[PDB]
Structure formats: C-alpha cells, structure tokens
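Chains as they are written, first to last, in the authors' numbering: chain FN, 39 to 116; chain EN, 39 to 116; chain AG, 862 to 978, 999 to 1046; chain BG, 862 to 978, 999 to 1046; chain CG, 862 to 978, 999 to 1046; chain AC, 60 to 268; chain EK, 38 to 188. Since the structure comes first, as structure tokens, the remarks are kept for the end.
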C-alpha cells in the first residue's frame, strides 16, 4: 500500500485525475477516489443483466429478478 | 484403480466422447461423463414397456401400470 | 378392511424415561401399510411387572387421512406385555442412606449411654446429632420410585382392537 | 401439509436457568420450512431425569402468518428425552449446613452431659446454643430443589403431534 | 412488521433495586426500530438464581403511538438469562447476630450451671440475660431476603413473543 | 448429513461458477468475433426478426389419420428497434454469490460421522458441478437459437420469400410554443412488419459452382 | 454406481500394451496411426508353401489375436492377402482369396463383436519390397488386417 515508494512520498491527490501524485512529477499506480478509470472485468452479485434482487421475501429460497426472470444460479434447493 | 495404467497417466476427460485421455495420445478404457456409449442389456424396475409405475400409493398390494397392464409379479402374492 | 384383532409389527426409534408423558412414534415396517407412523403415549404402573406404550394416532402416507385404530404393545420375540428395561435404579441409594442415618444416630446415643460403665465423646457428638436429622429427611425422601426407561432401537408388536376402512 | 408424527431438527442458541419459565425460541434447521423461528417454554418435573421444551408458537417467513403446531422434543443423535446438564447443584451445600448445625447441638449437649464423671465449657456453650436455631433454619431452607439448565449450544429434535396446512 | 420470536438489542442506562417496582425503560438502538424506548418493571423470584426484566410498554417515535409488544430479557453477549449481580447481601450479618445472641445465652446459663461442681458472676449475669431477647429478635428479623440489583450501564437482549406493525 | 449435502451442492456450484466465469473472461475477444452483432444489424438500426426451420414433418392424429409435409417455417420473435445491439454477456454469464454460513447442525463428533460428512460434501460437490454444466448448456442453446434465427432471416431475405420491413418517415420543422422549440422533429414508423408471403412465383433459386 | 459400468468390461490397457509388445517381439507388425490400426502377419508362420491350408500350431497365435481383438470396440474390419508370383495371376489371386476366407471364417467363429468384415486377396500385384528373391518366405507375401476404431 506504500505507493510512492523509493520517491519523495505522496504530495496530494489529483482528484480530477484520481491518482496520488508522488513528490517527483509522476502518477502512482494507486488511486485515491473511486472515480478512477481502472480495468474491471469480473464482479460478484446475483440476478446480473436482469432486474437485480427483488425486494420481496419468499417461503422458499427462490430468487426472481425484477425484470420478471427467475434465477436458479444463487437459489437454493433440497 | 488406475485407468491409464502402464501409460502416461490421466490427462483430462473429453466430454464430447465421454472418455478419459491418457498422456500418451490414446483413448482410455474408462468413461468420465454419463453421456457416452454404453452397452448394457440388463435393466431393473417393473411396469416396463408400459405406462411405468402408477404414482398412487394404493392400499392393496397389487400395483398397476399407467397404461392399464397389471404386473402381479412386480406385485406381492396372495 | 382390517379384521378385528390380528397382530402387526413396528420398530421404535426413540427412547423416553417413565417420568413425563408425551407423543412417541413407532415406524410400521411391514403389512399392507408402508411408511406408516404411530404416535401414542405411556402410563406409569404401580408395579414393574409390565410396562406398555398406549398407541392411538395412526398416520398413513399416500392419502391424507388420519384413522384412529388404537392398540397396545407386546415385547418383540417374547409375545409378552412386559418391557425390557431396568428397575433396580433406586433400591440401594435410599436403602443405604436411611440405614447410614440410623446407624449414625444409634452410634451416638448408645456410646453416650455406655459412658458410666474426649475424642470418643466427640464421636458420640457427631453420630448422636447427624443421625436424627438425616433419618427424618431420609424417611421424607424414601418414597421416590425407580423409573423404567425404554430404549431407542427396539421393535415392538401391536395387536389390533377395532376395525377401520 | 405435514404428516402426523414425523421428526424435524431445530437448534437452540440461547440458554436459560430453569427457575423462570418463558418463551424460548429456536430456528428450524432442516426440512421444507427454512428460515422459520419457533417459541415455546418448559415445565419443571419433580424428578429431573428428563426435561423437554413444549413448542407451539411457530413463525414462518415469506408471508406474515403464525401457525400453532404443538410438538415435543427428543435429543438428536441420542433419541432420548433427558437433558444434558447437571443435576447435583444444591444437595451437598444444604447437607453440610444441616450436619454442621447438628454437630454443634450434639457438642454442646453431650460435652455438658459429660461434666460430672473454662475453654471446654465455652465450647459447650457456643455449639450448644448455635446448633439449635441454625438447625431449624436449615430444615426451613432445606426444601429448595436442584435446578437444571438447558444449554445455548445444543440443538433439539422436534417430533410432530398434529397436522397443519 | 416484526416476526414472532426474533432477537433484538436494547440499551439500558439506569439501575433499579429489586424492592420497589416502578418504571424502567430500555433504548432500542438497532434493528428496524431506531429511537425507540420501552417501559416496564422487574420481577421478584423466590430464589435469586437469575433476575429478569418484563418489558411491555414499547414506544416507537415518528408517529405518536404506544404499542404493547411484551417480551423478556437476556444478558447481552452471554446467551444466558442470568443477571450479573450479587446475591450474598444479607447472609453474614444475620448469621453473626443470631450466633452471637445464642453464644451469649448459652454462656450465661451454662456458666451459671457450673457454679457448684463476683465479676465473673456478673459476666454470667449479662450473658444469661441478654442472650435470650437478642435471640428471639434475631429469629424475628432473620427472615429478610438478599436483595439483587441490576447495573446502570448494562444493556439487555430481548426475544420477541408476538407481532406488531 | 443433509446439511452437508446442501453445503456441498452450494460449494460445488459456486466454485464451478467462478471457474467458468474466469474462463469465459480470459477467452474474451473470440467471443465477440463469433457473436458479432452490430455487423448483423439492418440499415435503420432495426433488429431483424427470428426464424425457425423444420424439415420432414409427420403428425399422427389418431388411427387412419396422418399428416405429412416437407418443410415448415415459423416466425419466432417479431422485428423491433434497438439503440445498442446485444452481446454474449446477457446470455452466457452466470452469477456468483459465495455461500459462507456454515454452522455444525448434524453434529460431527465421531470419525465415521466426519467420514460420511466428507463423502456427502463430495457428492454434493459433484451435483453442483453437473448443475453448472447443465446451466451453461441451456444458455448456449438459447443464444445459438437466436443467432440462427437472425441468420435464417438474412437467408430468406436473400431468398425473397419474406417482406422487408417497410419504413415511413415524417419531417416537421420548428415546433413548440414561444417558450419551447425543437429544430426538426423527424418521427419515423414502420408500416409493414417482416412477413412471409405464400406466392409460388416469387421464389428464386440459386446454384453454386 | 452398481448400475452404471465404470469402464468397458474386458479392457485393461496395461494388458493391451503388454500383448502389443509381445506381438512385436514375436515379429507381427503392429501399426497405430490416428485411430486406424494395422496388423501384418508373415505368411510362412501361418501356411505351408503355396498352400490354402492352416498349419496346426497356428491356432495358438490366432487365439492370441482373438484375445487382442476382443478388447477393442470396433465396427468394420478388413483382411487382405498378398503373395509372390508363382505360376499365374488367377491362381495366386484365388489362393489369397481362399486364405483370407479361411482366416475370416475362424475369426468370425471367435466371438469378436465386430459388425462388418471384408476379405480380399490380390496375390502379387501390390508389393512392399523391391527384393523378391525369397520364396514364400519373402516378406511381401503376407496377410493383413486393418480397421478403424469405433469412438
């Protein structure tokens, strides 16, 4: 987590750029804000590319997305 | 035991043919998936070549098939 | 149609002490009924020469009904109505407690009595006073019976009492 | 639709001393009902060789309904009705208090009686008079039973009595 | 909507003694209801082996209503219903007063008895007469039970009994 | 026991889901190369409809009653409009939720109890593996169905047995009151849906070399 | 699991490799390419000179080749018979045809679960060596059985 290692250290965060500036004029591999252009390829969650988790609760453990589609991927079984 | 015995060993299973592949490039003599080529002629069960087992729990010991045929040898005797 | 008074079998899987009654179920393992369960309860006899489970509520799968053919229990492979259990649970505890309280009281009073004809005096002291209170408390507690207890892996036989349909 | 007299599991998560009965809840951990909670209570027996939880207040999620199926308890993987706890909580304390009060009474009376055939006299004095009131108070408070206590980390098995829809 | 038989936490910041019933209130800080507070009182058991709070007058802010879901108390982070309190408040005082009165009476009567077989006689006098009145008044006031007391900075766990909205 | 079965099912299902998702991720660009979509989109940014083809149809009504035909063609989904074309992510992705609430329920004390616990988790793990395989297969089948339907629409459109979707557009100049203005309100509808005709003459054949 | 067979019965690949090594040690040519397999036998270890008749002791080796062929899963097999030039064309063609016919008949008598068998003999039309100075000991005079493995 030591980002500006072997340098002068952290100067501040260019929050427009989303990266901490080292004390020499370069950008760290780390980021400060969540508004940062990073690579995102894999993520968690159920009912993806659908309506999401419906706010209702069921007698069974069946989970149906809000778009009308039913998901068996995270649903339980016998 | 070892299916790829006296060979290179178990490399991976081809599911398109349902067979394991030894490290020497030969099809093994063991299957891996269910959906392969079996050769079995003995089968269990009763009400066969018929409507199958009628699902109702009858009080009497005579069990009938769904197509109407009566299988007393599957049933108990008096 | 079940004829009035033939013999069926069940296997009992749950044990219970003879202190608090409750629902006890057996698994009917043979006959025309398969998957059948039989709940009933028990009673406490005054003498331990037999012990039974009184069965009343029959549940049969397949059809949603609850018939009420009620029957009693006989011992497996004996065809007798006694229960295979132990009854010597609380003979010796109350017997020895009462007798020790008595012997204590007697020790203190008679070795006080034989004084005419300090540590031995203190022996007289301890026995003469811890005999009596323990004696009355032991005769207070002497009436508790020895419980019986069925076991959790024994079958039983059941003889029918009425008809059903 | 539940068959009459079948066995389900539940897990008891909080413990309570058996002096104030109250609503105790478990979570039903197997079967068709999942996420369901259930409150009931106990009763204190005269002999503590078993202890059960009556269980009637059943809440099932999904819809806001409260069914009232009543059932009893058995010990899972044991299939017996006893409680896995201690039963010798308050025997030896009251035993020792009574016997000490006795020994005081006996010391005073007998070693005053042995006076015929300073500090020893005052020993007679002290035990002679502090045996009596303490002895009757010990018989006064001697009647408290030994409490049992169900535990917060052992489940229980619930066997059905009636049907629900 | 609160389901039948779930667990909630309550924040308690005031202590009460177990002699005068009155209003006590807890602060529900977690769960669905925030800003809520709950009034009730305590109970006095014959044996002080646990101490609990019956809590019924439940109040939720936002809308001015005062609902009546009633429930009981668990000691927090304990999974036990005991109260972390004291129960030995008034044992040693009454024991010492009674036993001192007894030793006094015994000293006067027995050292008057040992006269046959001035100042020391007056010691016999004082013990002989002040033992008895203090003994009977010690048996008069010996009956006061040991009070128990909750603390003014300990929360509690509340397990539900019925539903509200 | 059954709790071990359930958690073995959940663990095997989630683990297979994680592995198949990272495999699908690391085999990335050839998926879009295969299932290219915006190349298939027609000229007015309108998704082509879905078609199905069947050959050598036989139905038995009852005794002494059969009906036979050579080929049948079915419209599956009507053509409609779209702004951004679909991709393979909304067909071949499976969810990931880590099931991580184990408490000892059927209590493992004896060595044989732990052994049967292990084998029950093993067979539940196998069942979750099979479940993930079946789910992947069904998703592959439905995306193949939709892609083949689009391919078949291009086929029959190049065969001339289907109406191309007829369009109409209306242009309006500056609109609105003295407080609101739009520049050029062009609203365009489609009148004729893609529909197949029954005319025998309008078939035109083809011949390879 | 007691219903589902774990493997195909009568198939141990260690025994397969062992008998392949034994057969090549005996000198019968074993060829494995892709899935198609080729088994070449010299003629002089199977017949007498210019003879349409089996020698007596050859049944042991034919039993060994039946023990080989019972292991695999197969559909269609083919046998060809090649010879050297002795008298004519037609006599040699018919002799090769008869040799293939006899070995095919005993191979069918053995209960190998084939489905199709083909037989043909061509005499001395397709040689595999330029050196032809041997008689029936010449290695082009041979019998050949080829097949493609099922699955």
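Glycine included, C-beta positions come from ideal geometry on N, C-alpha and C.
- Using a Cβ-Cβ cut-off of 8 Å, state whether residue 1039 of chain BG counts as contacting chain CG. Walking along the fourth chain from the start, residue 1039 of chain BG turns up at place 158. No, residue 1039 of chain BG does not count as interfacial toward chain CG.
- Task: Would you mind stating whether residue 911 of chain AG and residue 940 of chain AG have Cβ atoms separated by less than 8 Å?
- Result: By one-based count along the third chain, residue 911 of chain AG stands at place 50. By one-based count along the third chain, residue 940 of chain AG stands at place 79. Their beta carbons are not under 8 Å apart, which means residue 911 of chain AG does not touch residue 940 of chain AG by this criterion.
- Message: Let me see if you follow: with CB-CB separation under 8 Å, is residue 905 of chain CG close to chain BG or not?
- Response: Position 44 of the fifth chain, counting from 1, holds the residue named residue 905 of chain CG. Judged by the 8 Å Cβ criterion, residue 905 of chain CG is not in contact with chain BG.
- Which residue from BG:930, BG:925, BG:880, BG:1026 puts its Cα closest to that of residue 913 of chain CG? The count along the fifth chain starts at 1 and reaches residue 913 of chain CG at position 52. If we check each option's Cα against that of residue 913 of chain CG, BG:880 comes out closest.
- Task: Return no unless some Cβ of chain FN is closer than 8 Å to the Cβ of residue 197 of chain AC.
- Result: Working through the sixth chain from its first residue, we reach residue 197 of chain AC at position 138. No, residue 197 of chain AC does not count as interfacial toward chain FN.
- Item | Extent of the continuous alpha helix (DSSP H) to which residue 1038 of chain AG belongs | For the purposes of this step, residue 1038 of chain AG is taken as the residue at position 157 of the third chain. Careful: residue 1038 of chain AG lies outside any alpha helix (DSSP H), inside the beta strand (DSSP E) at 1036-1040.
- Item | Separation of residue 898 of chain CG from residue 956 of chain CG, as counted between CA atoms | As a position in the fifth chain, residue 956 of chain CG is number 95, starting the count at 1. As a position in the fifth chain, residue 898 of chain CG is number 37, starting the count at 1. For residue 956 of chain CG and residue 898 of chain CG, the gap between their C-alpha atoms comes out near 43 Å.
- Item | Segment contact flag, the segment 51-58 of chain EN with the segment 70-84 of chain EN, C-beta cutoff 8 Å, min 3 pairs | Contact holds: three or more Cβ-Cβ distances are below 8 Å.
- Other residues of its chain near residue 901 of chain BG: CB distance less than 6 Å, five sequence neighbours each side excluded: The sequence position of residue 901 of chain BG within the fourth chain is 40, counting from 1. Scanning its chain for C-beta atoms nearer than 6 Å, with the 5 sequence neighbours on each side dropped, one finds around residue 901 of chain BG the residues 914, 915, 916, 917, in chain order.
- Burial state of residue 82 of chain EN, where buried means 16 or more other Cβ atoms lie within 10 Å: What you label residue 82 of chain EN is simply residue 44 of the second chain in a count that begins at 1. Residue environment analysis places residue 82 of chain EN among the exposed positions, since fewer than 16 neighbouring C-beta atoms fall within 10 angstroms of its C-beta.
- C-beta contact flag for residue 109 of chain EK and residue 186 of chain EK at 8 Å: Taking the first residue of the seventh chain as position 1, residue 109 of chain EK is located at position 72. Taking the first residue of the seventh chain as position 1, residue 186 of chain EK is located at position 149. Contact flag set, yes.
- Query: Terminal residues of the continuous alpha helix (DSSP H) containing residue 1018 of chain BG?
  - Reply: Start at 1 with the first residue of the fourth chain, and residue 1018 of chain BG comes out as number 137. In the DSSP assignment, residue 1018 of chain BG falls within the alpha helix (DSSP H) that extends over 1000-1021.
- Message: Within the continuous beta strand (DSSP E) that includes residue 121 of chain AC, where are the two ends?
- Response: Counting from 1 along the sixth chain, the entry for residue 121 of chain AC is found at position 62. Annotation: the continuous beta strand (DSSP E) that includes residue 121 of chain AC extends over 110-121.
- Item | Length of the line joining the Cα atoms of residue 878 of chain AG and residue 167 of chain AC | Your numbering for residue 878 of chain AG matches position 17 in the third chain. Your numbering for residue 167 of chain AC matches position 108 in the sixth chain. C-alpha separation (whole angstroms): 26 Å.
- Query: Thinking just about the alpha-carbon of each residue, which of BG:867, BG:1028, BG:922, BG:929 is nearest to the one in residue 922 of chain AG?
  - Reply: Stepping through the third chain from its first residue, residue 922 of chain AG is reached at position 61. By alpha-carbon distance to residue 922 of chain AG, the top candidate from BG:867, BG:1028, BG:922, BG:929 is BG:867.
- Message: For a quick check, are the C-beta atoms of residue 1036 of chain CG and residue 870 of chain CG less than 8 Å apart?
- Response: For the purposes of this step, residue 1036 of chain CG is taken as residue 155 along the fifth chain, with counting starting at 1. For the purposes of this step, residue 870 of chain CG is taken as residue 9 along the fifth chain, with counting starting at 1. Taking 8 Å as the cut-off, the beta carbon of residue 1036 of chain CG is found closer than this to the beta carbon of residue 870 of chain CG.
- Query: DSSP puts residue 869 of chain CG in a beta bridge; with which residues?
  - Reply: Here the question's residue 869 of chain CG lines up with position 8 in the fifth chain. Per DSSP, CG:1039.
- Could you give the DSSP three-state label for residue 211 of chain AC: helix, strand or coil? Your numbering for residue 211 of chain AC matches position 152 in the sixth chain. Helix.
- Message: Contact criterion: CB-CB distance below 8 Å. Does residue 50 of chain EN meet it with respect to chain EK?
- Response: Residue numbering aside, residue 50 of chain EN sits at position 12 when the second chain is read from its first letter. It does not: the Cβ of residue 50 of chain EN has no partner Cβ on chain EK nearer than 8 Å.
- Task: Express the C-alpha separation of residue 144 of chain AC and residue 95 of chain AC in angstroms, rounding to a whole number.
- Result: On the sixth chain, residue 95 of chain AC is found 36 positions in, with the first residue counted as 1. On the sixth chain, residue 144 of chain AC is found 85 positions in, with the first residue counted as 1. The alpha-carbon atoms of residue 95 of chain AC and residue 144 of chain AC are separated by roughly 10 Å.
- Message: Give me the subset of the segment 1001-1031 of chain BG whose CB atoms are less than 9 Å from a CB atom of chain AG, sorted by chain position.
- Response: Legend: CB atoms of the segment 1001-1031 of chain BG lying less than 9 Å from CB atoms of chain AG belong to residues 1001, 1008, 1012, 1016, 1019, 1020, 1023.
- Message: Do residue 1008 of chain AG and residue 960 of chain AG count as a contact pair if the criterion is CB distance below 8 Å?
- Response: Taking the first residue of the third chain as 1, we reach residue 960 of chain AG at position 99. Taking the first residue of the third chain as 1, we reach residue 1008 of chain AG at position 127. Their beta carbons are not under 8 Å apart, which means residue 960 of chain AG does not touch residue 1008 of chain AG by this criterion.
- Item | For residue 129 of chain AC, three-class secondary structure by DSSP | Here the question's residue 129 of chain AC lines up with position 70 in the sixth chain. Residue state, collapsed to three classes: strand.
- Message: Please give the ranges of any alpha helix (DSSP H) in the segment 879-931 of chain CG, keeping only runs that are unbroken, at least 4 residues long and fully inside the region.
- Response: As far as the segment 879-931 of chain CG is concerned, it has no whole alpha helix (DSSP H) run of at least 4 residues.
- Message: Under 8 Å, Cβ to Cβ, is there at least one residue of chain CG near residue 895 of chain BG?
- Response: Position 34 of the fourth chain holds residue 895 of chain BG. Chain CG, which has no Cβ nearer than 8 Å to the Cβ of residue 895 of chain BG, makes this no.
- Query: Can you list, in chain order, the residues of the segment 75-106 of chain FN whose Cβ is nearer than 8 Å to any Cβ on chain BG?
  - Reply: Against chain BG - using a Cβ distance shorter than 8 Å - the residues of the segment 75-106 of chain FN are 95, 96, 97, 98, 99.
- Give every residue of the same chain whose Cβ lies closer than 8 Å to the Cβ of residue 89 of chain FN, excluding the five residues on either side of it in the sequence, and list them in chain order. Here residue 89 of chain FN refers to the residue found at position 51 when the first chain is read from its first residue. Cβ neighbours of residue 89 of chain FN within its own chain (closer than 8 Å, five residues either side excluded): 103, 104, 105, 106, 107.
- Query: Residues in its own chain within less than 6 Å of residue 188 of chain AC by CB, not counting five upstream and five downstream?
  - Reply: Position 129 of the sixth chain, counted from the first residue, corresponds to residue 188 of chain AC. Residues 71, 75 of the same chain have their beta carbon placed closer than 6 Å to that of residue 188 of chain AC, with the five preceding and five following residues left out of the count.
- Task: Below 6 Å CB to CB, which residues in the same chain sit around residue 995 of chain CG once its five sequence neighbours on both sides are set aside?
- Result: Note on chain CG: consecutive modelled numbers read 978 then 999, so residue 995 of chain CG has no coordinates in the structure shown.
- Message: The alpha helix (DSSP H) that contains residue 100 of chain EK, what's its start and end?
- Response: Taking the seventh chain and counting its residues from 1, one reaches residue 100 of chain EK at position 63. Counted as a single uninterrupted DSSP element, the alpha helix (DSSP H) harbouring residue 100 of chain EK occupies residues 95-106.
- Task: Pull up the distance between the alpha-carbon of residue 963 of chain CG and that of residue 1022 of chain CG, whole angstroms please.
- Result: Stepping through the fifth chain from its first residue, residue 963 of chain CG is reached at position 102. Stepping through the fifth chain from its first residue, residue 1022 of chain CG is reached at position 141. So the two alpha carbons sit approximately 15 Å from each other.
- Assuming residue 150 of chain AC contacts residue 198 of chain AC (C-beta within less than 8 Å), just tell me the rounded distance between them. To locate residue 150 of chain AC, count along the sixth chain from 1; it is residue 91. To locate residue 198 of chain AC, count along the sixth chain from 1; it is residue 139. The Cβ separation is near 6 Å, so the contact holds.
- Extent of the continuous beta strand (DSSP E) run through residue 49 of chain EN: Against the second chain, residue 49 of chain EN aligns to sequence position 11. Per DSSP, the unbroken beta strand (DSSP E) holding residue 49 of chain EN starts and ends at 48-52.
- Message: To test your reading of the DSSP string, which unbroken alpha helix (DSSP H) runs of 4 or more residues are found completely within the segment 98-169 of chain EK?
- Response: The segment 98-169 of chain EK contains these whole alpha helix (DSSP H) runs: 127-146.
- Task: Answer yes or no: does any C-beta atom of chain BG fall closer than 8 Å to that of residue 193 of chain AC?
- Result: Here residue 193 of chain AC corresponds to residue number 134 of the sixth chain, with the count starting at 1. Residue 193 of chain AC does not count as touching chain BG.
- Message: By the 7 Å beta-carbon criterion, what residues does the segment 868-881 of chain AG contribute toward chain BG?
- Response: The segment 868-881 of chain AG vs chain BG, Cβ under 7 Å: 874, 875, 876, 877, 878, 880, 881.
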